[PDB]
Amino acid sequence: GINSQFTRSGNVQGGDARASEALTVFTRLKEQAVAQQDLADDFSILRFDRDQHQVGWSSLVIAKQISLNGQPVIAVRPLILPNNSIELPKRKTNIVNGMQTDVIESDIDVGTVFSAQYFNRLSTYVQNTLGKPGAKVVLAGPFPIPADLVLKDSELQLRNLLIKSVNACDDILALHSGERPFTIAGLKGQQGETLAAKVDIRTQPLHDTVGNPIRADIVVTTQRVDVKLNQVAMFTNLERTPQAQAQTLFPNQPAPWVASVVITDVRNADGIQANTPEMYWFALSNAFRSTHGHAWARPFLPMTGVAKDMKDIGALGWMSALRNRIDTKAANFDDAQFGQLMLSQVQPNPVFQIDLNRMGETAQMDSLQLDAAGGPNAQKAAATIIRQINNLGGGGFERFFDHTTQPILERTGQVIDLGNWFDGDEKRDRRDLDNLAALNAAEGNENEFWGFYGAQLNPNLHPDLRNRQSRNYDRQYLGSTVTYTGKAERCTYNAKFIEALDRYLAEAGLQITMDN
Amino acid sequence: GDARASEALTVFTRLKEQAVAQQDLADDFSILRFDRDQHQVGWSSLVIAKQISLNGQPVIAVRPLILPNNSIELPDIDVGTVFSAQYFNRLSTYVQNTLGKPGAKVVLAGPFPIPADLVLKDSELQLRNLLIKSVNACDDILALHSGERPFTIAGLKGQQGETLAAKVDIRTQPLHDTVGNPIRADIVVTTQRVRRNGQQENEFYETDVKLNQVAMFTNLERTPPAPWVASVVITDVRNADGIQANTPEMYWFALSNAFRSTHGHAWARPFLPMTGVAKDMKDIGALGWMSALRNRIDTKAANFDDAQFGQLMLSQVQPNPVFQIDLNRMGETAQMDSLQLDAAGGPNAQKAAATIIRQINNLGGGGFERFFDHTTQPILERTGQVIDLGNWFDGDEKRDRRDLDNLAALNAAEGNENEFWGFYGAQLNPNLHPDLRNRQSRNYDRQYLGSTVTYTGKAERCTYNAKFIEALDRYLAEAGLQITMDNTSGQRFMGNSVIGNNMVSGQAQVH
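Just so you know, the protein sequences line up as chains E and A, in that order. Going by PDB author numbering, the letters in the first sequence line up with residues 49 to 273, 287 to 314, 320 to 582, in that order. Going by PDB author numbering, the letters in the second sequence line up with residues 63 to 137, 155 to 303, 320 to 584, 589 to 610, in that order.
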């Protein structure tokens with residue numbers, strides 16, 4: 049280089065600030081926890097400087113270091129530490145318009161940093177540090193640390209994150225060890241303590257293990273008889302089919323909207339500690355129950371005296387045979403008239419989809435879902451998912467349908483970015499923009515709403531341009547204080563998949579009763 | 063008595079003790095305390111000493127660290160005025176006798192005044208950065224006054240086939256120098272090398288490729320065509336953190352980089368409204384108050400699109416930007432800005448021109464005399480402005496006092512007359528003593544923005560010669576610097596823009 053050309057008698061800056069603080073606080077928390085017998089000291093925490101290995105983001109790893117069957121095996125869980133001080137170079141793409149060309153520069157998320165080369169470098173680093181070059185390396189699901197967090201004032205959440213990380217490492221190591229899978233037959237016993245569902249509606253968002261908010265309008269949960290089993294949090298979105306609008310301009314001698327349910331959080335119970343595929347599917351089975359009594363339409367019911375311009379059903383007036391916002395806030399806000407309005411505005415059957423996260427708290431399990439919907443490793447993922455479902459059920463799940471005949475889920479080629487925004491006192495998830503809220507904010511102006519919808523969905527537009535337009539529209543609404551954390555891909559389950567999974571669970575034993 | 067000097071000495075000795083761990087730098091310097099009590103002198107100081115005896119005759123080098131105080135009488156003298164002539168003479172005597180080696184020279188390696196408002200108890204890393212940069216500059220100046228190979232264009236290649244590139248970034252958060260003082264900067268031009276080896280074994284790794292960055296903003300002056324004339328004021332000229340040596344060639348490379356903004360009208364980008372923000376005092380609509388109609392254009396509305404904006408510019412501001420620069424007498428590059436300040440005109444103007452010509456020619460070796468001489472015309476002219484560096488706090492952060500330009504004053508004071516022109520006159524007038532206009536400018540600064548503003552130092556604005564920068568760029572191009580651009584500035592057709600060239604005015608008038 050040129051710094052060594054002159055050999056000046058001075059060294060400025062270090063190039064690493066947050067990693068040292070994180071290592072110190074993590075060592076302090078580990079020592080405090082092991083002092084009072086909270087965690088076994090068998091596991092170790094390491095450090096991975098970004099400069100010393102030519103990597104984008106410095107991420108510290110958690111390792112268990114337990115062998116198996118006489119051969120060495122290592123299980124590692126990453127923990128990325130993005131830093132605002134260091135800004136890695138952006139990504140440039142070229143778009144041709146007319147005769148001219150333009151360059152769009154887009155920021156680099158945390159998902160794109162965790163490349164295969166990064167995994168290989170971390171694997172070789174941990175192999176060299178732990179002195180077992182022949183060990184087998186597995187991952188329990190990398191999880192970023194949000195940059196807004198302050199290290200000196202995050203005791204409880206950091207301790208909980210460490211505990212969950214070591215639990216996940218132990219769980220993946222045990223799964224490689226091949227324990228006994230938990231079938232539904234274990235739940236049922238001599239006592240007639242049948243399971244139950246207490247679906248509930250929420251307004252304030254749920255919180256991650258760190259503090260990142262995630263939007264959740266309806267939650268479905270499983271109880272015994287004190288004891289909880291599952292909790293699936295998800296909200297409702299509306300989409301417009303091209304044929305419905307066609308039957309509005311050019312009529313002919320259905321409904322103008324379709325209802326979509328987006329699963330966001332699929333975590334198991336707080337009380338339970340282990341995390342296994344059978345837990346994941348037993349929890350996901352509850353994501354279909356919300357359709358009982360059309361309960362998924364509960365958020366669309368008018369709020370108790372609260373305007374909430376991001377959830378006004380009057381936007382349906384802007385897109386209908388009639389015009390103007392519907393004055394639902396009058397004395398005619400009764401639940402019955404809302405019932406006929408829903409009967410004649412949206413179809414009575416929903417569609418299920420999930421914003422699968424490549425770097426969520428269950429990113430290891432979401433990765434299987436992404437591979438099951440496309441890419442080179444597709445058939446093997448289908449075999450794994452079907453065999454996991456069979457192990458859960460214990461019966462002939464292949465009879466209900468064949469994986470090779472119909473796809474498990476479709477990719478749909480959409481990207482949803484996760485973030486948070488500040489309003490009033492409590493922050494909310496970025497994913498509150500939706501389409502109904504955008505239509506309410508636009509208060510008409512067909513062109514603006516159609517442009518926003520195209521910005522979210524356009525097969526003929528470059529993905530980077532679509533992301534930039536979505537970011538611009540996000541900044542336009544709900545203020546200009548949005549902060550982005552990660553990226554997720556939205557994929558829709560096939561109807562037959564759930565329609566057979568719930569039936570198979572019922573055949574194999576489903577002792578749940580709900581009232582609505 | 064002077065607790066500030068004592069605490070500064072103690073904290074810097076503690077940093078020295080924690081820095082001799084061999085983890086950085088080397089033990090070759092010393093720290094001296096020149097307080098007001100010892101000598102008949104004003105401000106106190108904490109100076110550095112580094113002794114080198116090339117060809118015998120040891121030459122002691124210093125970089126005074128002025129120590130302003132907020133608990134004693136000021137003598155409204157500023158940091159620049161106190162260090163005029165007697166401060167340096169007393170400091171030279173102090174370093175000559177007490178060091179134990181009488182009969183030495185001094186170089187004044189870029190004196191830097193620390194802000195008085197900062198408390199030193201909880202500012203460890205800023206002071207460590209200041210100390211390391213001070214020692215680095217002190218050694219660097221000795222790398223100049225000894226006889227050494229200067230930086231060249233061929234050094235950019237680094238004995239290999241490496242290519243350079245430049246880019247322009249628009250920011251909102253002001254840049255920060257070594258100390259916590261902020262500098263107004265919304266256009267940063269960064270020049271860095273680009274690896275063309277296939278981009279392998281480093282995915283999304285920044286490495287260290289930044290050569291140098293220049294930070295500048297845009298000011299709108301007025302004339303008695321388009322009335323408003325654009326102006327670009329270069330504020331920060333510091334090079335990238337990867338390099339640790341500050342040499343004249345880096346400075347001239349940065350100045351050459353700073354010109355690469357008129358391409359694509361990049362200086363007009365900060366004037367572009369951004370959707371979703373109504374922060375005011377930066378909107379372009381203020382020019383409407385000075386147009387034929389007395390109204391503000393609905394800038395944030397949907398009717399104001401990119402094509403309409405590109406109209407407002409051709410209709411309103413002349414499309415050629417003049418280049419200004421704020422020379423700092425007590426800044427980061429003070430030892431280098433003194434050359435241009437002297438070349439502005441004075442007793443040493445000819446010597447300054449000769450040495451600056453020699454310095455710029457010792458960069459490419461292509462004969463700068465041919466492209467542009469020095470006796471023919473001056474290089475830069477002072478505009479008479481006494482603009483000064485301060486700090487003002489709002490929204491839970493600090494910002495630089497330069498944020499109040501002409502456009503900001505127009506936005507803040509609305510379409511009213513006799514007060515915007517009053518502000519412009521207080522900024523500069525020939526027919527009045529500059530002290531009164533400086534007081535008026537301070538009053539206006541207290542008026543429009545918050546009264547919590549504090550003042551740190553004094554600078555001097557100057558304007559570069561229009562064709563000198565062009566000659567410099569032509570030199571850099573012919574010497575050989577492959578610099579690549581991109582982007583640059589709805590698209591419905593608006594006039595030919597070329598048919599007006601041929602008017603064939605005047606008929607034949609045949610008898």
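Every residue, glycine too, gets a C-beta built ideally from N, C-alpha and C.
In the displayed model, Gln411/A falls within a helix according to three-state DSSP.
Residues of chain A with a Cβ closer than 8 Å to the Cβ of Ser57/E are, in chain order, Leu87, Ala88, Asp90, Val214, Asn215 and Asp218. Under the three-state reduction of DSSP output, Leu475/E falls in the strand class. With fewer than 16 other Cβ atoms inside 10 Å of its own Cβ, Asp400/A counts as exposed. Judged by DSSP in its simplified three-state form, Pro416/A adopts strand.
Sequence-distant partners of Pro322/E (beyond 5 residues in either direction) whose C-beta falls short of 6 Å from its own C-beta, in its chain, are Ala305. In the structure shown, the three-state DSSP call for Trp362/A is helix. In the structure shown, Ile329/E adopts extended strand secondary structure according to DSSP, grouped into three states. Taking 8 Å as the cut-off between beta carbons, the residues of the stretch 370–403 of chain A near chain E are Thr370, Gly371 and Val372, in sequence order. Judged by beta-carbon spacing, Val548/E lies within the 8 Å limit of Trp487/E, meaning their Cβ atoms are closer than that value. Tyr559/A sits in a strand when the DSSP states are folded into three classes.
Restricting attention to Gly490/A, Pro320/A, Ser546/A and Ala449/A, the CA atom closest to the CA of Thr471/A is found in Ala449/A. Straight-line spacing of the CA atoms in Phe283/A and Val481/A works out to 45 Å. Look at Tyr550/A here: in three-state DSSP terms it is strand.
Put simply, the CB of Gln445/E is far from chain A, with every gap to its CB atoms at 8 Å or more.
In terms of beta-carbon proximity, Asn560/A stays away from the interface with chain E, with every pair separated by 8 Å or more. Within 8 Å of the CB of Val174/E, no CB atom of chain A is found; the nearest one sits about 19 Å away.
Where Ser52/E is concerned, the enclosing alpha helix (DSSP H) starts and stops at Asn51 to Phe54.
C-alpha of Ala325/A to C-alpha of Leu350/A: approximately 19 Å in a straight line. Using a Cβ-Cβ cut-off of 8 Å, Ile338/A counts as an interface residue toward chain E, since at least one Cβ of chain E sits closer than that to its own. If you check each beta-carbon in the stretch 251–285 of chain A against every beta-carbon of chain E, the ones closer than 9 Å belong to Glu280, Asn281, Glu282, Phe283, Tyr284 and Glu285. Comparing alpha carbon positions, the residue from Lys138/E, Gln53/E and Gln165/E closest to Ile152/E is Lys138/E. Per DSSP, the continuous beta strand (DSSP E) segment holding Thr270/E begins and ends at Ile266 to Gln271. Here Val144/E is bridged, per DSSP, to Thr149/E. With fewer than 16 neighbouring CB atoms inside 10 Å of its own CB, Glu203/E falls in the exposed class. The DSSP-derived three-state label of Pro529/A is helix.
At a cut-off of 8 Å, the C-beta of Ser433/E has no neighbouring C-beta in chain A.
Cβ-Cβ distances below 7 Å link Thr558/E to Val417, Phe418, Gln419, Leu475, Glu476 and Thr478 in the same chain, with the five nearest sequence neighbours on each side left out; the list follows chain order.
The Cβ atoms of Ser536/A and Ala554/A do not sit closer than 8 Å to each other.
Sixteen is the threshold: since fewer than 16 other Cβ atoms of the shown chains lie within 10 Å of the Cβ of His528/A, the residue is exposed. Linking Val73/A to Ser225/A through their CA atoms gives a straight-line distance of about 32 Å. Of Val158/A, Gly545/A, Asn457/A and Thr428/A, the smallest CA-CA separation from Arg228/A is found for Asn457/A. In the three-state DSSP reduction, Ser171/E falls in the helix class (H, G or I).
From the beta-carbon of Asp581/A, the residues of chain E found nearer than 7 Å are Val151. The stretch 190–205 of chain A and the stretch 257–277 of chain A touch, with no fewer than 3 CB-CB distances between them shorter than 8 Å.
When the beta-carbon positions are compared, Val247/A and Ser356/A come within less than 8 Å of each other.
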